[PDB]
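To start, the structure under review is shown below, and the notes come after it.
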Amino acid sequence: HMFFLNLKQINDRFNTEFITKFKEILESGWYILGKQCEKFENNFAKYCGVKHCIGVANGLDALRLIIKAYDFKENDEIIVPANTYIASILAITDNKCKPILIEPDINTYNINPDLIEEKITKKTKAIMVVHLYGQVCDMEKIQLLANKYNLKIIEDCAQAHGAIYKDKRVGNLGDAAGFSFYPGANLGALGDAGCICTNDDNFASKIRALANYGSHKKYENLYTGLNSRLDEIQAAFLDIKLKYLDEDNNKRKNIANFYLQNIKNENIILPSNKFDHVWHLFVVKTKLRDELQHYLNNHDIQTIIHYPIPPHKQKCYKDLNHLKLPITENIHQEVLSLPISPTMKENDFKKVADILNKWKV
Amino acid sequence: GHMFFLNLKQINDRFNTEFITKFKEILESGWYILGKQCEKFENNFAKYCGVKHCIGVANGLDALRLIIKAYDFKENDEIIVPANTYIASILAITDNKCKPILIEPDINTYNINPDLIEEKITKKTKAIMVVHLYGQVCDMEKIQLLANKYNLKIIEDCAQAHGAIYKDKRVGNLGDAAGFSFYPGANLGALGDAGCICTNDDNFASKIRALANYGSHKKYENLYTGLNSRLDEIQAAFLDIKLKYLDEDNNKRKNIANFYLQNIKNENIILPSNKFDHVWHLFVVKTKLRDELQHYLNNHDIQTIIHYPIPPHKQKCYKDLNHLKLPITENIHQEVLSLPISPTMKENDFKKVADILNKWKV
Ligand SMILES: Cc1ncc(COP(=O)(O)O)c(/C=N/[C@H]2[C@@H](O)[C@@H](C)O[C@H](OP(=O)(O)OP(=O)(O)OC[C@H]3O[C@@H](n4cc(C)c(=O)[nH]c4=O)C[C@@H]3O)[C@@H]2O)c1O
Ligand SMILES: Cc1ncc(COP(=O)(O)O)c(/C=N/[C@H]2[C@@H](O)[C@@H](C)O[C@H](OP(=O)(O)OP(=O)(O)OC[C@H]3O[C@@H](n4cc(C)c(=O)[nH]c4=O)C[C@@H]3O)[C@@H]2O)c1O
Ligand SMILES: [Cl-]
Ligand code: NA
């Protein structure tokens, strides 16, 4: 079977250095908040063009912490795309803020900036942008609304490592940014991992303390914090792979281009890349989505849906189930992700295209 | 020749070849989260604690936070807890919008004084969190009775007390649910952050598994508003390797602690004589001249750490508790200092600690 995402193929490239670094860490006797974390932070901050990177435990923790650090009041509002992955929302509700869900543009799969302002109220305190599937969101009007209404901009960068907008990288487009380095991310760890990026010295220092039980200095707790740290081992593996991240994204770009140039099937709506797209996911759209996934599985092609139930329709968010979000709803009914990975072989991506072209429904 | 407080390199060096072997196994698998290593570790740790269910999670604070979250308590519900525990025990309560009710310890065990608990029970009380502090199991008998009398949950914080035994059961199996840290300095320590939740209750275990996986029990679906709190395959594997030697290692710590208890004799030092089973995560001595003694031991090339010098109610993050009068707690925090102990600690190292203490005239 062709895997959706063959992480062994992706990581095998680095095994020798993974084992060297692991042995270096064993020799150091230091496994938490050490030289590897510092090195990776400094390199990832450089990569994103930001002053400060704080290694944390995962992408949801990254968001949760950013919101926490802003000390919003219970029920304050955070504008967010309605079609993002549920963890973007969980971060908001975990802080007892209210998610205000906005429809995406069908031609980007990202928040439609034109639909935000109408939803801003006295309680709105932040906009969470999500660079979904790999494509950076059009920030122009979002930044204008943030300045106009005194809103924080929070970036969810879990799916768009390295994507660029004008002169900047995702991670440097708002006030603070959360990354996942979950193993399937464009920069993936060998375990759970994440980070927070910002230019604000004071916010950075708060965040560090907050992710370390609320302790800035040994023995002392300035805040009621969490334990959300990036392990030395994972920092070291990330730093190894970071050197190849733009290359790996360019290998995705190549595959996505092959798909775009070769899949010709009237039942399939292909993704476009209006702005920079690092192609974490290659998302097609069809009225016969389940049929297509079954067909592809018959042809030994593994696929995953991102995503078939939207946050507002989840059982955990019963109070949202009534919201009318037909664009988001229709997307969740229609999308399927095609295998794409930096290391994916030409014969595999050729086969995917050929089998999709043969789909006659 | 500086004696390190806890020489983890020396603790872990015994397992290096095994660690590397398993790491390469995991690379071969291409599975790094929620895999075979986690399942295997959980199964073994559950057997070790004598419980039905072990759920690996990201760290010990998360473990406690998830337990409390799983019980779905009302805002401002009360959780009885020792006043002298590590702050993380409290953070787990307040993060869940519950109210901690701080109970003085017994001066001679450093654990919650069970005889002070009932007077603080109210209609809002939902649970007692017991903490097995420093490695000493709490005297659970009265605590379990009380919990039954008032229909309260017992939550164990087992971060410092891996493998200790109260009568016929292990820590982990002494309440309704138990949180463990496997922070690297723990008696069973990982090589990064790690924890677990132990319980006998099937529904509680499944609910915890979902709550630690975004709230998701089934791919694509979220039953609860959860969090991401998982035990990496690599840390599970490392923990499984060391779990085979944990009872041996704990008994080695007992040997060294009993050396200290029997060989240190100084009128300025109160030794931690144990009233119940103790696995000696920390060996805590107590003196009126604590800062003086730490400087004395540093001068003699012996590194110590304090557990702890500021109690939770006096921290800046808990300004609304700073007023509470907890004199036993406050006194302990002024007077405690931890001595180096470990299962690999060299004879000449512990003998030097004892001798240098015996020489201290203050
Ligand atoms: C009762 C109770 N409940 C819940 C919790 C929360 O559990 P966690 O969320 O898993 O931390 C704790 C945690 N309790 C721990 C932790 O929260 C920890 C960070 O702080 C204290 O422990 P301590 O002050 O001894 O920790 P440390 O960082 O100084 O490490 C101990 C020694 O080991 C050495 N070392 C350490 C590291 C990390 C290394 O890589 N290499 C190395 O050689 C350095 C030190 O000499 C607490 O007692 C607790 O005690
Ligand atoms: C927009 C946004 N914001 C915040 C977050 C929260 O970030 P975290 O808290 O770090 O997860 C996410 C996470 N987003 C991710 C994650 O939450 C993740 C668990 O679930 C989805 O991703 P997906 O359905 O693709 O994940 P998956 O587990 O199926 O793995 C992808 C593939 O990789 C293969 N695999 C996976 C693993 C773990 C392995 O060891 N070996 C292996 O071969 C199996 C699959 O074929 C989400 O899109 C997000 O998309
Ligand atoms: Cl067919
Ligand atoms: Na972790």
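Protein sequences, first through last, are from chains A and B. Residue numbering for the first sequence follows the deposited numbering, starting at 0 and increasing by one per position. Residue numbering for the second sequence follows the deposited numbering, starting at -1 and increasing by one per position. No residue lacks a Cβ here, since even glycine has one placed at the ideal position from N, Cα and C.
How is residue i classed by DSSP in three states: helix, strand or coil?
i: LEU337(A); result: strand
i: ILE267(B); result: coil
i: residue 365(B); result: The requested residue 365(B) is not part of the displayed model; chain B covers only -1 to 360.
i: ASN211(B); result: strand
i: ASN5(B); result: coil
i: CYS36(A); result: helix
i: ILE262(B); result: coil
i: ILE119(B); result: coil
i: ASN149(B); result: coil
i: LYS349(A); result: helix
i: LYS252(B); result: helix
i: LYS242(A); result: coil
i: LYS124(B); result: strand
i: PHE13(A); result: coil
i: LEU225(B); result: coil
i: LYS45(A); result: helix
i: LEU172(B); result: coil
i: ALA203(A); result: helix
i: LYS359(B); result: coil
Since residue i contacts residue j with CB under 8 angstroms, what's their CB separation in whole angstroms?
i: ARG228(B); j: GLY(-1)(B); result: With a Cβ gap of about 41 angstroms, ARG228(B) and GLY(-1)(B) do not count as contacting.
i: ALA203(A); j: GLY224(A); result: With a Cβ gap of about 14 angstroms, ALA203(A) and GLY224(A) do not count as contacting.
i: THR302(B); j: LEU337(B); result: 6 angstroms
i: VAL49(B); j: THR285(B); result: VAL49(B) to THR285(B), Cβ: 39 angstroms. No contact.
i: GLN134(A); j: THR107(A); result: 6 angstroms
i: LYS314(B); j: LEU221(A); result: 5 angstroms
i: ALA210(A); j: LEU64(A); result: 6 angstroms
i: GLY193(A); j: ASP60(A); result: 6 angstroms
i: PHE274(A); j: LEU237(A); result: Not a contact, Cβ separation roughly 25 angstroms.
Taking residue i as the reference, which of the options has the closest Cα?
i: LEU4(A); options: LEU355(A), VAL360(A), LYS344(A); result: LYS344(A)
i: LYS312(B); options: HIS305(B), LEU225(B), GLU23(B), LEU324(B); result: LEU324(B)
i: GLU116(A); options: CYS96(A), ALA90(A), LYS147(A); result: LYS147(A)
i: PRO182(B); options: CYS315(B), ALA234(B), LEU295(B); result: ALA234(B)
i: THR327(A); options: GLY177(A), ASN42(A), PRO80(A), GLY133(A); result: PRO80(A)
i: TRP278(B); options: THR285(B), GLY170(B), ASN185(B); result: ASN185(B)
i: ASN297(B); options: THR83(B), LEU355(B), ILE304(B), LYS140(B); result: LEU355(B)
i: residue 361(B); options: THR83(B), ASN94(B), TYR46(B), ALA56(B); result: Residue 361(B) is absent from the structure shown; chain B starts at -1 and stops at 360.
i: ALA56(A); options: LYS72(A), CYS36(A), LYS45(A), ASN42(A); result: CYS36(A)
i: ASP299(A); options: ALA175(A), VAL351(A), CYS96(A); result: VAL351(A)
i: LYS122(B); options: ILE77(B), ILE152(B), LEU143(B), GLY133(B); result: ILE77(B)
i: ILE105(B); options: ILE339(B), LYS359(B), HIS331(B); result: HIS331(B)
i: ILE304(A); options: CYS315(A), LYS314(A), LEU291(A), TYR316(A); result: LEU291(A)
i: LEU62(A); options: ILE339(A), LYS72(A), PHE281(A), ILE126(A); result: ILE126(A)
i: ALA86(B); options: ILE254(B), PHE178(B), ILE232(B); result: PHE178(B)
i: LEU6(A); options: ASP75(A), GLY190(A), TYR84(A); result: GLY190(A)
i: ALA175(B); options: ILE152(B), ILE339(B), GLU333(B), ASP238(B); result: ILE152(B)
i: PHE257(A); options: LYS240(A), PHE348(A), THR15(A); result: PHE348(A)
i: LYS124(A); options: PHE17(A), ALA145(A), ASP113(A); result: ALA145(A)
i: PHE2(B); options: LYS357(B), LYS359(B), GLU23(B), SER340(B); result: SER340(B)
i: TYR164(A); options: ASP200(A), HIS276(A), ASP245(A); result: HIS276(A)
i: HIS51(A); options: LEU244(A), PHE236(A), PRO270(A), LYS205(A); result: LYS205(A)
i: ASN272(A); options: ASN266(A), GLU265(A), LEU280(A); result: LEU280(A)
Report the partner residues of residue i according to the DSSP bridge assignment.
i: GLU219(A); result: Beta-bridge pairing links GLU219(A) to no other residue.
i: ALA234(B); result: In DSSP, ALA234(B) forms no bridge with anything.
i: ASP155(A); result: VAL129(A), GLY177(A)
i: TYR164(A); result: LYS167(A)
i: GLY58(B); result: Bridge partners of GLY58(B): none, in fact.
i: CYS136(B); result: DSSP lists no partner for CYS136(B).
i: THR197(B); result: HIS51(B)
i: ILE31(A); result: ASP230(A)
At 3 residues or longer, what runs of the beta strand (DSSP E) sit wholly inside the segment 267 to 345 of chain A? The qualifying runs are 281 to 284, 334 to 337.
Any chance you could list the alpha helix (DSSP H) runs of at least 4 consecutive residues sitting entirely within the segment 49 to 114 of chain B, in chain order? Taking only runs of at least 4 residues, the alpha helix (DSSP H) segments lying wholly in the segment 49 to 114 of chain B are 58 to 69, 85 to 93.
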